[PDB]
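This report concerns only the one structure given below.
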Amino acid sequence: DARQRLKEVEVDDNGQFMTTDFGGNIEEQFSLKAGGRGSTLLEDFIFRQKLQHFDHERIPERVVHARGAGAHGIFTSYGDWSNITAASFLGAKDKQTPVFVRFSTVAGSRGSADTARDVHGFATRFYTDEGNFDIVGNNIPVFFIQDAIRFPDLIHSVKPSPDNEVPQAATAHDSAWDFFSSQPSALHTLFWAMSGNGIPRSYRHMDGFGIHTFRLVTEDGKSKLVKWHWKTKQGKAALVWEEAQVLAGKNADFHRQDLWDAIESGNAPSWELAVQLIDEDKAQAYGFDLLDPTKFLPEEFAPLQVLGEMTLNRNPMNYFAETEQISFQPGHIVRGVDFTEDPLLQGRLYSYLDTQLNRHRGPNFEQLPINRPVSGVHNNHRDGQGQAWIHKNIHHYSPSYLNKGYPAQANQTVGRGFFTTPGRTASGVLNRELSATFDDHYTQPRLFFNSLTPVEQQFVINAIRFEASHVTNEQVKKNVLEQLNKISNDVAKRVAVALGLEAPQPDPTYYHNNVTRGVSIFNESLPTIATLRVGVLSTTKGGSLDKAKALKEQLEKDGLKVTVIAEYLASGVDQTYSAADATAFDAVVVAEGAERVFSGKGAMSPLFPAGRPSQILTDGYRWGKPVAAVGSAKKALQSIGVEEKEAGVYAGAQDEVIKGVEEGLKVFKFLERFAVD
Amino acid sequence: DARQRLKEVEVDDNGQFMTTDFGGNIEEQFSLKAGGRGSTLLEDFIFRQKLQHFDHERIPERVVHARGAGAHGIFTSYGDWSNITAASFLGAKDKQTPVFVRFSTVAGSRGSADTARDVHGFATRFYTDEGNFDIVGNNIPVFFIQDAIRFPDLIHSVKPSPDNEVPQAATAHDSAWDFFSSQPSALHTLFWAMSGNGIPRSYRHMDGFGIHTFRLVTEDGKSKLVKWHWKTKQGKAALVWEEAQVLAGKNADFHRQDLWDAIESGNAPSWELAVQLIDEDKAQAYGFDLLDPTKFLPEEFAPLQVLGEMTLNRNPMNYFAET
Amino acid sequence: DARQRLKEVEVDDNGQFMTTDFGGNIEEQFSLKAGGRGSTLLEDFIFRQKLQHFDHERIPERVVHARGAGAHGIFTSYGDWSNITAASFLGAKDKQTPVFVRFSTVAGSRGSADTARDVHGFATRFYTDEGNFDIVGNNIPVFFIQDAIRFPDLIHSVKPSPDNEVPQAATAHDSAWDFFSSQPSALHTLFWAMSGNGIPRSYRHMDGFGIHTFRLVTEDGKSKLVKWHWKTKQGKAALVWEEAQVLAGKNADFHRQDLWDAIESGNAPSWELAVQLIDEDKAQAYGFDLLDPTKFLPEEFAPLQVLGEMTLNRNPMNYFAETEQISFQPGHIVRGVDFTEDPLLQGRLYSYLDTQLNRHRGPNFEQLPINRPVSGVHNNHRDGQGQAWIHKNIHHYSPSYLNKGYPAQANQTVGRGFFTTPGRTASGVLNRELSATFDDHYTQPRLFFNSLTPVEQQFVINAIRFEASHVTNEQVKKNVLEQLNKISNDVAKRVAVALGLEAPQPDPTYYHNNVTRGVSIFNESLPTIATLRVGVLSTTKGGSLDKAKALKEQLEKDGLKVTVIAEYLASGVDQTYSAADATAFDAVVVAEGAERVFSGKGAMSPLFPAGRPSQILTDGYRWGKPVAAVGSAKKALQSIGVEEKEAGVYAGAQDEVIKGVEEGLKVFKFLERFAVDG
Ligand code: HEM
Ligand code: HEM
Ligand code: HEM
């Protein structure tokens with residue numbers, strides 16, 4: 001159990017009498033009053049201690065990535081990697097290390113929807129036997145800006161307008177696209193966020209990236225430049241925007257529910273930890289500067305090397321104590337890893353330590369159960385708010401005769417101490433500048449766009465079309481068109497159509513036709529359909545329910561999660577039509593006999609909104625899902641003008657429908673259903 | 001201008017050079033580095049003062065009613081009500097008092113949707129010449145529970161399940177209806193929340209209520225029991241649930257945007273302040289106890305007497321500092 | 001070991017390599033720099049995690065009683081007291097409960113002197129098996145004010161002037177005596193603070209008082225009114241003001257070091273817990289209202305009944321984590337005890353809970369090791385800053401079908417719950433008033449003053465003379481005299497002399513000659529001299545040192561702490577004359593031979609300030625200590641004008657001096673040496 005160290009702080013209230021927070025059994029369902037209909041007494045200590053704790057429950061949300069969810073797991077190393085890193089957690093084959101991972105959006109506040117379009121966080125803590133090591137990454141390999149001092153500018157522009165705090169969890173407003181076009185480094189991450197990466201199907205269907213180049217360091221000090229990669233074993237999958245919008249309202253918790261359900265059902269998600277390793281003398285040899293976080297390294301130049309595997313298999317017991325309180329830091333580094341001069345990374349190190357003082361209102365946040373390491377803490381730190389330990393060493397300073405030299409110093413040769421990469425030098429003048437090697441903001445956005453399928457490209461175009469059409473200021477829209485045109489004239493032209501503007505003339509300076517593998521989502525089918533969801537549209541009249549039950553049993557043998565839907569909660573029915581929506585499902589199937597609720601009064605019961613079954617089938621079809629109908633339920637497909645010989649549409653006998661649905665779920669999205677310019 | 005008194009704390013940055021928070025002009029678009037492709041220096045006081053303020057921007061959300069929005073306005077008294085209260089802001093015909101009103105839901109956190117089904121807050125501050133007077137009310141005249149010591153139980157049961165923090169801004173889950181059925185006092189407010197009051201068209205189309213019976217006291221100390229009421233001059237209007245669900249995704253800001261646009265276009269919304277006035281010896285006359293916040297007083301027994309009108313006609317300038 | 005439960009949060013760093021707070025071995029004696037003489041890098045994560053923790057070490061001091069110290073110990077019940085209370089820590093003979101006690105002054109901030117003149121705090125936590133029970137008491141049985149809403153007024157007036165923050169830890173300034181005379185209820189505690197209770201010899205030599213009337217309640221709801229008393233087994237003892245003033249500078253830590261030394265040396269101090277018990281119908285029976293905390297109940301009307309004894313035998317390991325962080329509350333009440341309508345106690349219940357929010361900046365301060373109960377916490381409280389537990393019950397509300405009714409309600413009949421005294425009632429109008437039964441502010445100050453010895457009375461007079469003479473405003477000094485005159489025309493007259501004013505004519509409304517027992521300090525010799533300190537003035541030249549060593553050996557046989565003083569740290573010398581002062585000792589003894597440093601060449605060494613040996617002996621004599629000289633050292637006594645026949649002065653052979661000093665230490669202070677008016 002990855003949560004094993006946390007059991008000593010678990011509190012079981014089963015079978016017990018209510019108490020105060022300082023002990024003593026109580027009743028706390030009535031205030032103490034002076035007389036039968038009298039005023040409440042200030043001497044009611046029970047009331048005030050109970051209400052004080054309630055009054056003080058909230059702590060500040062994270063300044064970014066406030067909306068997210070997490071889980072525990074285990075990381076297993078595939079080998080003894082000591083030839084590239086002294087990192088203990090990578091030091092032996094089959095070596096296991098506990099982890100906790102939090103996934104998140106970026107812009108929205110604590111209660112914003114999971115399926116907003118956004119960059120997504122992917123933060124991993126390794127509780128190594130040599131200290132906590134955090135990889136604080138995103139589901140996108142590049143970031144918007146090249147210097148950490150610009151982060152408040154980026155975040156202010158994306159977050160809601162400060163006059164009215166509109167809009168929530170959205171880049172589709174004037175200030176974001178003003179910044180995107182005034183700071184053209186942003187264009188690469190922008191294109192990624194406008195692709196499927198901005199609207200993933202679930203946390204389990206995302207890749208992860210450290211973005212920055214780091215260093216792996218061996219015991220003698222030999223270093224390699226490294227990029228961290230998480231490769232989902234579930235396959236990458238994304239929604240379509242019109243679907244994600246409705247899902248934002250029908251289930252704001254879609255992604256955290258998905259992760260919770262997969263772990264609880266015994267379908268733990270996994271990721272492989274992989275690296276690109278680069279010689280120090282090739283930092284600038286691949287057409288860009290590896291210190292520049294707006295660029296990724298094409299895998300053709302450096303293929304991935306697989307270090308091990310992470311599997312998340314334990315949900316938290318208390319969300320707040322665990323998920324909400326955990327404090328990630330890119331400064332959480334261990335021996336065998338070092339930083340680089342990435343000016344974005346450089347400033348993060350300050351900012352994540354400092355922000356914990358705001359969120360936790362004290363300096364002892366590392367003493368919280370979720371933040372504690374497993375490898376033991378020995379230093380001369382004392383006091384501060386909420387100090388939870390009692391230190392024995394009376395001589396809390398160094399150097400010292402009285403403490404016999406303990407706690408002792410550790411370095412590269414003694415005590416397995418951290419050490420900075422020995423060959424690292426500084427040269428030149430102190431400067432408030434960025435290297436001229438950072439200057440190309442358009443080539444890799446073009447490279448990224450080139451590497452998507454044609455409909456995938458149309459999705460990016462249509463995201464930019466939807467977003468920029470919310471920009472009220474006309475000159476900002478023209479500013480956006482001018483920047484997009486530097487990436488591709490065709491992109492600028494197709495976006496310009498939607499804005500009623502004229503696209504500029506071609507500016508070929510950064511145009512090119514190069515492509516790179518691995519950045520697409522829709523060009524690859526899924527490696528497994530386990531945990532994917534099927535909505536079975538049935539009805540309580542006739543034999544439809546009996547057939548739906550049998551249909552559900554066969555589908556479940558493939559590991560599918562099946563919801564039988566009917567007008568009310570009869571036996572065998574998992575969900576009502578009133579509560580049902582196509583956004584919850586990966587496939588939609590009409591059980592035989594249920595065609596009766598797609599027309600007439602059968603479609604107008606007081607038990608659900610008019611047209612609800614037809615809307616579920618229409619939504620599922622238009623959003624590209626596998627849709628099907630058993631036997632006589634083909635009438636439901638006909639009722640919405642859908643024909644069986646279309647891709648992703650299945651009809652016939654129950655055996656055929658099951659095989660087709662299970663096959664179509666591998667394709668996941670049927671892109672034949674989306675027009676291209 | 002209702003915001004007049006706030007002019008003295010407003011900060012204009014037009015045409016200005018950038019500074020630190022202790023003065024002195026700066027640039028803050030590049031970190032100071034030790035060489036051309038070098039590391040950032042600790043002695044970059046500009047970076048750290050800028051990022052420290054960013055790192056510490058957030059404060060805890062309200063424990064309840066975290067999602068909401070507000071506006072400034074003016075309350076005007078229709079008469080000299082000294083015969084029923086010594087309250088200065090009600091003491092003369094046409095006397096004007098600045099107000100600020102914040103509307104809200106209850107259960108959802110800061111970024112949850114406006115069109116979630118919920119009780120709605122309707123909280124008014126009168127900046128009177130004898131102190132701030134707050135009517136902290138809802139759009140429903142009755143509350144779930146009868147004793148304040150039970151508020152953490154109600155809220156915990158309605159807010160997300162504490163293992164997975166699901167579901168956001170919704171009573172449609174096990175713990176909420178476990179509480180509603182275990183604490184039957186809650187059934188009255190539940191029915192109101194299940195009605196159109198739970199999914200109103202806009203803040204401007206809500207009535208407001210103080211819920212509790214208070215007292216109005218004259219100079220000589222004679223008292224009347226009183227219920228506060230806000231009657232919308234816009235009329236009450238509600239969505240249908242299947243529409244509110246989609247709208248929650250298509251525009252989570254529907255209500256705060258609606259209030260903002262109405263003020264910005266010059267269509268300031270208005271509410272009449274009204275009271276029900278009850279003699280002390282009638283506290284238990286109408287089939288219930290007027291100390292019981294799970295009951296409202298039927299207007300057949302005590303009509304609404306209009307005292308004045310409130311108009312909200314100025315949006316905030318900075319949402320965080322004000323709202 | 002009373003600290004046994006705390007052992008699981010103790011951290012041992014011996015034998016270990018240095019780490020960060022998130023693990024990983026490090027070195028932290030050099031900042032990471034860009035080149036040989038280069039600037040420090042922001043990526044030095046080691047530097048910042050270490051300095052951030054240092055930068056945030058301090059928490060707000062207590063708004064009052066900021067200066068203090070404490071210890072762990074054990075309370076032992078002497079009986080099964082179920083006949084008077086349901087409280088479980090008093091429910092069986094020989095039942096043991098861990099305790100932690102903090103002693104304190106009131107006005108001074110954290111670094112102020114122990115021996116400032118002040119009311120003193122005496123706060124005890126019983127970690128009972130039915131929750132933490134706190135008796136938050138003082139070393140004086142009455143308080144300044146009758147309603148808690150006036151506490152910010154009282155404290156603001158006593159604490160430093162808000163323009164310059166002068167004076168530290170002192171009531172000797174205009175605002176305090178303006179308040180004392182404008183708010184005459186304050187006069188009773190004022191008189192106690194002007195007596196020996198204001199300048200005690202140590203924490204171990206104080207009695208303690210809960211002050212308020214509380215209620216004890218049996219299982220069936222029967223209640224008795226109660227006053228809590230702590231009776232020191234070490235005996236009460238006080239300094240003199242002119243000595244406490246020098247002691248404030250020579251050793252600001254006098255009291256906290258005294259308590260620490262006594263415990264580490266195996267001389268654990270003890271107090272008996274005793275109560276006064278009176279029926280409900282006595283609340284207004286004794287010429288005052290028992291809801292009034294400016295009055296005490298004379299023992300002649302209700303005697304002390306001892307319930308048990310507390311012994312403090314374990315020092316803290318980390319002062320900050322244990323002593324600084326502990327959070328007392330009079331609202332920390334258990335089944336078997338209830339409050340009364342004391343308007344001062346009523347407001348305290350709110351104040352102590354709320355103030356923890358400022359000190360600990362979070363709602364979860366009860367989870368701190370020193371604050372945790374031993375009996376178990378089970379409720380539906382969740383989250384909060386710094387939440388240290390992981391709750392398993394996901395149905396965190398009541399009532400509920402899904403949690404099967406757990407945690408379950410407890411009351412008088414089920415689950416040994418707390419219950420308010422069943423018979424308490426309210427009657428009358430809501431009011432912002434005090435009962436007219438609170439109106440007498442002068443009878444009990446007079447009773448207190450009448451009950452002191454004559455020299456003990458001079459000490460009260462001379463403390464008021466000292467303090468009132470710092471008041472610059474003439475009308476305030478007059479206001480003080482008119483208020484003093486209502487207590488005693490003689491007190492007012494003798495105080496008026498020092499102020500150069502005319503005391504008012506007699507105002508006999510409240511005058512009386514009644515006396516009461518138990519309030520004096522100097523009318524009783526000490527019951528033990530264990531831990532008391534003897535300074536032995538010697539010299540490195542001659543054979544004085546060898547005799548002083550033999551003198552030290554015999555005195556330590558009687559349990560005394562002996563310090564041999566000489567010019568330098570020779571073999572057998574505990575302290576140099578440069579470092580020595582009379583305030584540190586309860587008795588001063590010149591060893592034979594040491595007369596050479598009281599005159600001539602021996603008195604003018606560069607190793608100590610001029611006249612230092614003579615000043616130590618002079619101070620000890622005039623501050624009333626037993627002083628002595630062995631053999632030829634009687635020259636030192638003659639060199640300061642002191643003669644053999646005086647009380648508390650001893651000379652002769654070593655055996656004679658040792659016997660005389662040890663019996664004089666029980667007298668403790670020789671009041672023959674202080675002039676009385678007249
Ligand atoms: C490669 C660039 C970046 C990545 C991959 C990234 C990723 C993340 C992630 C995943 C989180 C949430 C961790 C969690 O789940 O609790 C987070 C939070 C945060 N980030 Fe970043 N971020 C980047 C850039 C920056 C920069 C440049 C700054 C400021 C200099 C910054 C400041 C913060 C802060 C203050 C938090 C709040 C963390 C907390 O409150 O615990 N980030 N970031
Ligand atoms: C008639 C019953 C109630 C009504 C009408 C009501 C209404 C409101 C409203 C409108 C707000 C939001 C104020 C704003 O917009 O800033 C609020 C917040 C709040 N309420 Fe209530 N509420 C009621 C019951 C209670 C009870 C019983 C408690 C606890 C004893 C409580 C505790 C709170 C707290 C702690 C806040 C947060 C205020 C802040 O952080 O500024 N409420 N309530
Ligand atoms: C009979 C009257 C009183 C007695 C015997 C008394 C005693 C004490 C003692 C011994 C302490 C120090 C506790 C410790 O060692 O940490 C203390 C602190 C304190 N007292 Fe009182 N006091 C009295 C009156 C009051 C009143 C009337 C108030 C306010 C209404 C008050 C508010 C406080 C506060 C806020 C603290 C700080 C507690 C903390 O920060 O933990 N006291 N008092």
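Naming scheme: A, B, ... for chains in displayed order of the structure tokens; residues 1 onward per chain; ligands 1 onward as shown.
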Please find the residues contacting ligand 1 at a distance of at most 7 Å between atoms, with only C-alpha atoms and all ligand atoms counted, and report them as a ChimeraX atom specification. /A:62-65,68,102-104,121-123,136-138,142-143,148-149,151,210-212,293,326-328,344-345,347-348,351-352,355-356,359 /B:51,55
List all protein, DNA and RNA residues that have any atom at most 7 Å from ligand 3, counting only C-alpha atoms and all ligand atoms, and write the list as a PyMOL selection string. chain C and resi 62-65+68+102-104+121-123+136-138+142-143+148-149+151+210-212+293+326-328+344-345+347-348+351-352+355-356+359
Please save N, CA and C atoms of the selected residues as a short mmCIF file (atom, residue, chain, number, x, y, z; two decimals), in the first residue's frame.
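Listed below is the output, selection_15.cif:
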```cif
data_model
loop_
_atom_site.label_atom_id
_atom_site.label_comp_id
_atom_site.auth_asym_id
_atom_site.auth_seq_id
_atom_site.Cartn_x
_atom_site.Cartn_y
_atom_site.Cartn_z
N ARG C 62 2.02 35.99 23.67
CA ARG C 62 0.73 36.11 24.34
C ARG C 62 0.39 37.58 24.59
N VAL C 63 -0.87 37.95 24.35
CA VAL C 63 -1.27 39.35 24.50
C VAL C 63 -1.11 39.79 25.95
N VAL C 64 -1.26 38.86 26.90
CA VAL C 64 -0.87 39.08 28.28
C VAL C 64 -0.15 37.83 28.75
N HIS C 65 0.59 37.97 29.86
CA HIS C 65 1.40 36.89 30.41
C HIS C 65 2.43 36.39 29.40
N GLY C 68 7.06 34.00 30.70
CA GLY C 68 6.85 32.92 31.66
C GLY C 68 7.61 31.67 31.30
N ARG C 102 2.32 26.48 33.57
CA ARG C 102 3.10 27.63 33.14
C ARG C 102 2.91 28.73 34.17
N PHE C 103 4.02 29.31 34.63
CA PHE C 103 4.01 30.50 35.47
C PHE C 103 4.45 31.70 34.63
N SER C 104 4.08 32.90 35.07
CA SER C 104 4.27 34.08 34.23
C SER C 104 4.10 35.35 35.05
N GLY C 121 1.01 34.75 36.74
CA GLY C 121 0.17 33.69 36.24
C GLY C 121 0.56 32.33 36.81
N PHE C 122 -0.45 31.46 36.94
CA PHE C 122 -0.31 30.14 37.55
C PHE C 122 -1.35 29.26 36.85
N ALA C 123 -1.00 28.76 35.67
CA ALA C 123 -1.93 28.05 34.81
C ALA C 123 -1.58 26.57 34.79
N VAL C 136 -6.87 28.12 34.89
CA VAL C 136 -6.03 29.25 34.48
C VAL C 136 -6.10 30.27 35.62
N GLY C 137 -5.14 30.17 36.54
CA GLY C 137 -5.14 30.97 37.74
C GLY C 137 -4.00 31.97 37.82
N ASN C 138 -4.04 32.77 38.88
CA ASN C 138 -2.98 33.70 39.24
C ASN C 138 -2.52 33.42 40.67
N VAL C 142 -7.84 37.65 43.77
CA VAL C 142 -8.85 38.57 43.26
C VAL C 142 -8.29 39.27 42.03
N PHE C 143 -9.18 39.72 41.15
CA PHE C 143 -8.77 40.43 39.94
C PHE C 143 -9.20 41.90 39.99
N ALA C 148 -15.62 41.37 32.03
CA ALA C 148 -14.58 41.08 31.04
C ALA C 148 -14.50 42.11 29.93
N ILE C 149 -15.57 42.87 29.68
CA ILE C 149 -15.52 43.87 28.62
C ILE C 149 -14.56 45.01 28.92
N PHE C 151 -11.46 44.44 30.15
CA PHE C 151 -10.09 43.92 30.15
C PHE C 151 -9.15 44.68 29.22
N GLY C 210 -7.79 29.98 41.40
CA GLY C 210 -8.64 30.10 40.23
C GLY C 210 -9.40 31.42 40.16
N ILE C 211 -9.47 32.14 41.28
CA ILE C 211 -10.15 33.44 41.44
C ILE C 211 -11.67 33.31 41.35
N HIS C 212 -12.19 32.88 40.21
CA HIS C 212 -13.64 32.81 40.05
C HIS C 212 -14.26 31.75 40.95
N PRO C 293 -15.42 38.82 41.15
CA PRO C 293 -14.04 38.34 41.26
C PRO C 293 -13.07 39.32 41.91
N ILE C 326 1.96 26.13 24.20
CA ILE C 326 0.81 25.59 24.93
C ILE C 326 -0.26 26.67 25.04
N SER C 327 -1.52 26.27 24.90
CA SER C 327 -2.65 27.17 24.72
C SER C 327 -3.69 26.89 25.80
N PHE C 328 -3.61 27.61 26.92
CA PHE C 328 -4.55 27.44 28.01
C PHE C 328 -5.88 28.11 27.68
N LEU C 344 -16.68 38.38 34.70
CA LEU C 344 -15.31 38.35 34.20
C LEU C 344 -15.00 36.99 33.58
N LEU C 345 -15.40 35.92 34.26
CA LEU C 345 -15.20 34.58 33.72
C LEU C 345 -15.95 34.39 32.41
N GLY C 347 -16.60 36.41 29.92
CA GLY C 347 -15.91 36.92 28.75
C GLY C 347 -14.59 36.23 28.46
N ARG C 348 -13.92 35.71 29.49
CA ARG C 348 -12.70 34.94 29.26
C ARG C 348 -12.95 33.75 28.34
N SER C 351 -12.56 34.80 24.96
CA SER C 351 -11.30 35.46 24.61
C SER C 351 -10.18 34.46 24.36
N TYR C 352 -10.07 33.42 25.19
CA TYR C 352 -8.94 32.50 25.08
C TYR C 352 -9.03 31.63 23.84
N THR C 355 -8.19 34.10 20.85
CA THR C 355 -6.81 34.57 20.78
C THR C 355 -5.87 33.50 20.25
N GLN C 356 -6.22 32.22 20.36
CA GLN C 356 -5.38 31.18 19.78
C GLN C 356 -5.30 31.34 18.27
N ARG C 359 -2.34 33.71 17.81
CA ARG C 359 -1.04 33.18 18.21
C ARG C 359 -0.58 32.06 17.28
#
```
Restricting the calculation to only C-alpha atoms, which member of C:317, C:90, C:46, C:402 is positioned closest to chain B? C:402
Counting only C-alpha atoms and all ligand atoms, which of B:137, B:79, B:269, B:198 gets nearest to ligand 2? B:137
Could you give me, as CSV, every chain A residue with an atom at most 10 Å from ligand 2, plus its closest atom pair and distance in Å to one decimal, counting only C-alpha atoms and all ligand atoms, rows ordered by chain then number?
```
residue,atom,partner,partner_atom_place_in_ligand_line,distance
A:47,CA,ligand 2,30 (C),9.2
A:48,CA,ligand 2,30 (C),9.5
A:50,CA,ligand 2,30 (C),10.0
A:51,CA,ligand 2,30 (C),6.8
A:52,CA,ligand 2,35 (C),9.1
A:54,CA,ligand 2,35 (C),7.7
A:55,CA,ligand 2,35 (C),5.2
A:56,CA,ligand 2,35 (C),8.3
A:57,CA,ligand 2,35 (C),9.8
A:58,CA,ligand 2,40 (O),9.7
```
If we count only C-alpha atoms and set the cut-off at 8 Å, which residues sit around residue 257 in chain B, ignoring sequence neighbours fewer than 4 positions away in its own chain? Please answer as a ChimeraX atom specification. /A:164,166 /B:253,261
Per DSSP on the backbone, filter range 343-437 of chain A down to the residues in strand (DSSP E or B) and report them as a ChimeraX atom specification. /A:390-391,408,430-431
Contacts of residue 649 in chain C within 12 Å, only C-alpha atoms, excl. fewer than 2 positions in-chain, as a count of residues only: 41
Identify, on the basis of only C-alpha atoms, every residue whose closest approach to range 504-518 of chain C does not exceed 6 Å; exclude the query and any residue fewer than 2 positions from it along the same chain; express the result as a tab-separated table (two decimals) with N, CA, C and O atoms, in the first residue's frame.
```
chain	number	residue	atom	x	y	z
C	443	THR	N	-13.92	47.57	51.25
C	443	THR	CA	-13.92	46.77	52.47
C	443	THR	C	-12.82	45.71	52.44
C	443	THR	O	-12.09	45.54	53.42
C	447	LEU	N	-9.54	44.82	54.61
C	447	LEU	CA	-9.36	43.52	55.26
C	447	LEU	C	-7.98	42.95	54.95
C	447	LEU	O	-7.26	42.51	55.85
C	450	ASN	N	-5.26	45.03	56.74
C	450	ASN	CA	-5.32	44.73	58.17
C	450	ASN	C	-4.65	43.41	58.53
C	450	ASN	O	-4.24	43.23	59.68
C	451	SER	N	-4.54	42.49	57.57
C	451	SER	CA	-4.11	41.13	57.86
C	451	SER	C	-2.63	40.90	57.62
C	451	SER	O	-2.17	39.75	57.68
C	486	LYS	N	-10.41	56.03	51.15
C	486	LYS	CA	-11.62	55.25	51.42
C	486	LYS	C	-11.30	53.88	51.99
C	486	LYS	O	-12.18	53.26	52.60
C	489	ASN	N	-7.49	55.77	56.16
C	489	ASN	CA	-6.97	57.12	56.28
C	489	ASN	C	-5.48	57.10	56.59
C	489	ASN	O	-4.73	57.98	56.14
C	520	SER	N	-1.01	36.60	54.45
C	520	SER	CA	0.30	37.15	54.71
C	520	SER	C	1.40	36.21	54.20
C	520	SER	O	1.18	35.02	53.97
```
Chain C contacts to chain B at 6 Å (only C-alpha atoms) as a PyMOL selection string: chain C and resi 40-42+394+397-400
Put those residues in a file: N, CA, C and O atoms, as a PDB file, in the first residue's frame.
```
ATOM      1  N   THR C  40      25.377  35.180  -5.365  1.00  0.00           N
ATOM      2  CA  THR C  40      24.637  33.981  -4.991  1.00  0.00           C
ATOM      3  C   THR C  40      23.536  33.702  -6.009  1.00  0.00           C
ATOM      4  O   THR C  40      22.848  34.616  -6.475  1.00  0.00           O
ATOM      5  N   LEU C  41      23.379  32.427  -6.360  1.00  0.00           N
ATOM      6  CA  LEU C  41      22.406  32.012  -7.360  1.00  0.00           C
ATOM      7  C   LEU C  41      21.037  31.776  -6.728  1.00  0.00           C
ATOM      8  O   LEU C  41      20.931  31.219  -5.631  1.00  0.00           O
ATOM      9  N   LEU C  42      19.987  32.201  -7.439  1.00  0.00           N
ATOM     10  CA  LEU C  42      18.621  31.918  -7.008  1.00  0.00           C
ATOM     11  C   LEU C  42      18.343  30.418  -6.966  1.00  0.00           C
ATOM     12  O   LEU C  42      17.502  29.959  -6.180  1.00  0.00           O
ATOM     13  N   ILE C 394     -16.323   9.521   6.177  1.00  0.00           N
ATOM     14  CA  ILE C 394     -16.645  10.434   5.082  1.00  0.00           C
ATOM     15  C   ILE C 394     -18.021  11.061   5.232  1.00  0.00           C
ATOM     16  O   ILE C 394     -18.350  11.995   4.485  1.00  0.00           O
ATOM     17  N   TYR C 397     -21.166  14.603   9.246  1.00  0.00           N
ATOM     18  CA  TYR C 397     -22.330  15.390   9.625  1.00  0.00           C
ATOM     19  C   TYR C 397     -23.220  14.541  10.520  1.00  0.00           C
ATOM     20  O   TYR C 397     -23.152  13.309  10.510  1.00  0.00           O
ATOM     21  N   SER C 398     -24.065  15.218  11.288  1.00  0.00           N
ATOM     22  CA  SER C 398     -25.045  14.574  12.142  1.00  0.00           C
ATOM     23  C   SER C 398     -26.308  15.423  12.088  1.00  0.00           C
ATOM     24  O   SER C 398     -26.213  16.655  12.000  1.00  0.00           O
ATOM     25  N   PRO C 399     -27.503  14.806  12.093  1.00  0.00           N
ATOM     26  CA  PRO C 399     -27.770  13.365  12.084  1.00  0.00           C
ATOM     27  C   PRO C 399     -27.623  12.757  10.693  1.00  0.00           C
ATOM     28  O   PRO C 399     -27.622  13.472   9.686  1.00  0.00           O
ATOM     29  N   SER C 400     -27.522  11.433  10.644  1.00  0.00           N
ATOM     30  CA  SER C 400     -27.171  10.741   9.414  1.00  0.00           C
ATOM     31  C   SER C 400     -27.552   9.277   9.545  1.00  0.00           C
ATOM     32  O   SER C 400     -27.303   8.659  10.581  1.00  0.00           O
TER      33      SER C 400
END
```
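When only C-alpha atoms are used to compute distances to chain B, the closest of the residues A:530, A:274, A:637, A:71 turns out to be A:71.
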Can you pull out every residue within 8 Å of residue 548 in chain C, counting only C-alpha atoms, but drop anything in the same chain fewer than 3 positions away, and send it as a VMD selection string? chain C and resid 536 538 544 to 545 551 to 552 564 591 to 592
